[PDB]
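# model the structure of this input:
(2 chains, ligands or ions: 2)
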Protein chains: 2
Amino acid sequence: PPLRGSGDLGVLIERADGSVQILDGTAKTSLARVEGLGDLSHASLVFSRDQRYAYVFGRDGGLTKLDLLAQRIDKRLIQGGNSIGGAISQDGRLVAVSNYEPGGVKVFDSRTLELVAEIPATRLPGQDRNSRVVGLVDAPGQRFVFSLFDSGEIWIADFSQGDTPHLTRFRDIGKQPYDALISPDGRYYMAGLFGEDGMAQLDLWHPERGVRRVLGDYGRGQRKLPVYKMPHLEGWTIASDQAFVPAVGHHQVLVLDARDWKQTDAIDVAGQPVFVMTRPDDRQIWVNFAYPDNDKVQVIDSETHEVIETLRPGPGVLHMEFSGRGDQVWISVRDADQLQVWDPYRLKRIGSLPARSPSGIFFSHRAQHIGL
Amino acid sequence: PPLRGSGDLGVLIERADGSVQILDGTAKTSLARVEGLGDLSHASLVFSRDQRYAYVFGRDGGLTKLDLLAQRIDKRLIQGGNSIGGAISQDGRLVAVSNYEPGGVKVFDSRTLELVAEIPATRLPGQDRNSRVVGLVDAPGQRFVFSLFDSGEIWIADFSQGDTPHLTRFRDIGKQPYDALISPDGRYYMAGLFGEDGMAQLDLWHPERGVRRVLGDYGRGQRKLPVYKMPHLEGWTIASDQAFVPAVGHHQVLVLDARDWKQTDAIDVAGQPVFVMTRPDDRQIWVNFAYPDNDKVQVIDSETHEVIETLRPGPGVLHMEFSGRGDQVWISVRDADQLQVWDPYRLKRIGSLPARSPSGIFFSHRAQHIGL
Ligand code: DHE
Ligand code: DHE
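Numbering: from 1, shown residues only, chains lettered A, B, ... in the order given. Ligands and ions are numbered 1, 2, ... in the order given. Structure as follows:
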């Protein structure tokens, strides 16, 4: 195809056919459909630092280096036991992916997808297995950070000095961390706890100070909810003074003081929130919901904490993505087979695109952001 | 040329020969030199939202739409009296350039450079011309915000409704505002005052509240300094709680409290700071200086406020720019005819490219952020 910029290119997961659509953000058009990515029933992706490639992580353990400008699979591998939610290094040269079988982290060359290092997780007793790994993120200083669900640990893999990483292991951080996130500035790593309440906070500027428990009331409490009903921590959105986050098993969006990490408000919403995101200018908070309320998107004023409109794009709204500067918000409607574009300032739809069971929608500006 | 991504492309201003270099950030090489941009003795630029084009604003009033993938001038126009420091709109369709003769702001279409809107400044009660316009920035909500030097006014031009802007005028904001910045979140507009000490702050979320005076001790005061010794308000760095700024006429970098806008610390530096910058992880402050100390760059620990090291890349260090994720910092060394690439974590030079009197260095990741 002809020359084009990479700044407005997006990748849409088509959930039921293992295919993706490459999108032109400015024109609001579909450039192509690419097939052969296997099981994208649940998928995540990151972008290369030049924004030409997407690294697609599938639930079949597949890692697809997708060439966005040539509209083709550049390279692809499949490793059973590889989880999704992988990350790309600060210098863009390393792609890290979690695995539950055996249990650990594998880091690959971003250019050739050749294995660079394997970090086995802590061994478990009575099993030919290691601990499951969750909450994998990239971090400043050529690091990856991740948590061990079964053993209760947060590890730092430091690749500053080349292909052999230097590990820093923190034990006894909390029972069963199920997920984690990295703060926008890349300073604080926080893993949510499933076997108990609170977050395991790690100051990456001062790892020597250890791990800190914060937000002690947040969690399943004494409720016996299964681990797959715990929130997506990518569904958190953190701002300067506040964080807007999904409640655990309640129809509330919690407002947290981000300096002391304590809840100060709870906004009643039309369902169990999954993803709580912010308009890039931080004025509004956008929320999607879990079934049976997953036909709605609610917009919340970040100042008054009040719901200002309830959108109904259609059945099965799974994911939302804003543009770099915020002139657009993209909303995938799975069971309508549409990818809708909306004006987040006029709260009006500005175009739809046919898609087959669309789910995740990602835009290449993520390439420039730690933790994305 | 061949296919490539736009996410790592840099544009270097060669201020002596009316030329620029297009740089491959990942390969740390030069892709091309493009000539014929006239007077770049002083210049700035912004990127289109797909990152394929740069809009260079020259001292000659020239506005060049440079094609970084075809490595050629796509469109150019020259309008005497135009200033540099133009901005691009939130949806990317409008490019604004300020005027100093007669005084005002002109807005062009990003694709054709055809004129869209002429906004003349306040006519001066006496002369045949208007106030000079200074401190033009893009803001969320499809707005352009600028200050009127002679009149002491802050205007907001709102293109939300179309080509005809809705203007909001704030008068008696302070004497002779010479420059302005917009906070990284896109909420606060701050104009520095030359006719009197202090800064005029405007809350773009709540324009009904009007302009407000802050940091009343920042300025020349009793000293008879010229405009052109006042600081580059682009030389400010605003962290979430703190601001790192150049002192006015002093060899110091001031640490301020961004919430209360009061000075909490002062840092003795090796010269008059011009640009105070932050590594993208906010753990370091990078400082360059004006003649005769402009052969130095000082790296400050953002926490201890102590100088970690003093770099000496060469004579005539004019500007610096980081990669989006912080793995690189690019440093222009005018009198050595070198654009250097450093590792900001190892603090060691990893590249040095030839250039003709290099000055400003800009990378495509600015395309995604308000105010850049
Ligand atoms: C680790 C992980 C990511 C990648 C985040 C990252 O790092 O970028 C992810 C992404 C997602 C993304 C978008 C990609 C992203 O990374 O943000 C969406 C829309 C999503 C909607 C759901 N997820 Fe997801 N999800 C899990 C884990 C994850 N989901 C589970 O363990 C759980 C509870 C069990 C499972 O089914 O796998 C789970 C169930 C769901 C759902 O039930 C949702 C709501 C609807 C559905 O169809 O599965 N998950
Ligand atoms: C408006 C403006 C921009 C655009 C900022 C933006 O939006 O990116 C700019 C950019 C710059 C940039 C980088 C481009 C950028 O986009 O910031 C640098 C390195 C720079 C180094 C100087 N500037 Fe600059 N500069 C002025 C105004 C400006 N300078 C002046 O009015 C003043 C005081 C007199 C003049 O000649 O214009 C002035 C003198 C200087 C210098 O003396 C400096 C320190 C050294 C030199 O010019 O050789 N200015």
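
# got the end-to-end distance for stretch A:304-321?
23 Å (Cα to Cα, to the nearest Å).

# again, but for stretch A:83-94
17 Å.

# so which strand or helix has residue A:216?
Remark: residue A:216 resides in no helix or strand, with elements defined by DSSP states H and E.

# that one: neighbour count?
Using other Cβ atoms under 10 Å in any protein chain shown, residue A:216 has 13 other residues around it. C-beta: built from backbone N, CA, C; applies to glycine.

# for the stretch 201-350 of chain A, which residue gets nearest to ligand 2?
Per Cβ to the nearest ligand atom, residue A:325 is where the stretch 201-350 of chain A lies closest to ligand 2, at 16.4 Å.

# in chain A, what residue comes closest to ligand 1?
residue A:85 (3.1 Å).

# helix or strand: which one has that residue?
Here residue A:85 is assigned to no helix or strand, by DSSP H and E.

# wait, what's in contact with it?
A:44, A:57, A:98, A:134, A:136, A:234 (Cβ atoms under 8 Å, 6 or more residues apart in numbering or on different chains).

# and which of these is nearest residue A:228?
residue A:134 (11.9 Å; Cβ to Cβ).

# which residues touch that closest one?
A:83, A:85, A:98, A:146-147, A:149, A:177-180, A:191.

# adjacent strands (with direction) for the helix or strand that residue A:77 is a member of?
Here residue A:77, judged by DSSP H and E, is contained in strand A:72-78. When pairing is defined by DSSP bridges, strand A:72-78 lines up against strand A:62-67 (antiparallel).

# show me the contact partners of the partner strand.
Counting by Cβ under 8 Å, 6+ apart, A:11, A:20, A:34, A:36-39, A:45, A:52-58, A:72-79, A:82, A:86, A:95, A:97, A:108, A:110, A:113 sit against strand A:62-67.

# again with stretch A:247-261
A:199, A:201, A:214-215, A:218-221, A:223, A:225, A:229-231, A:238-246, A:262-273, A:276, A:285, A:287, A:300, A:305.

# extract the C-alpha trace of that stretch and format it as CSV.
Taking C-alpha atoms only, stretch A:247-261 is exported to CSV below (Å, rounded to 0.1, in the frame of the first residue of the first chain):
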residue,chain,number,x,y,z
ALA,A,247,-16.0,-1.4,42.8
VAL,A,248,-15.5,-5.1,43.7
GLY,A,249,-19.0,-6.6,43.2
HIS,A,250,-21.0,-3.4,43.6
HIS,A,251,-22.7,-1.1,41.0
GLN,A,252,-20.4,1.8,42.0
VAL,A,253,-17.5,3.7,40.6
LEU,A,254,-15.2,4.6,43.5
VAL,A,255,-13.4,7.9,43.6
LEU,A,256,-10.0,7.6,45.4
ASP,A,257,-7.6,10.1,46.8
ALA,A,258,-4.5,9.2,44.9
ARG,A,259,-2.1,10.7,47.3
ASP,A,260,-3.3,8.8,50.4
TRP,A,261,-5.0,6.0,48.5
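
# before we move on, back to that, and the strand holding residue A:77, what's buried?
For strand A:72-78, the neighbour count (16 or more other Cβ atoms under 10 Å in any protein chain shown) marks A:73-76 as buried.

# same deal with stretch A:346-357?
A:352-353, A:355, A:357.

# around ligand 1, pick out the residues from the stretch 101-250 of chain A.
A:228, A:232, A:234 (Cβ under 6 Å from any ligand atom).

# for the second one, which non-adjacent residue is closest in space?
Nearest residue to residue A:232 in three dimensions, chain neighbours excluded: residue A:274, at 6.1 Å (Cβ to Cβ, 6 or more residues apart in numbering or on different chains).

# export the contacts of residue A:85 to CSV and append columns for secondary structure.
Formatted as CSV, the contacts of residue A:85 follow (DSSP: H, G, I helix; E, B strand; the rest coil):
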residue, secondary structure
A:44, strand
A:57, strand
A:98, strand
A:134, strand
A:136, strand
A:234, helix
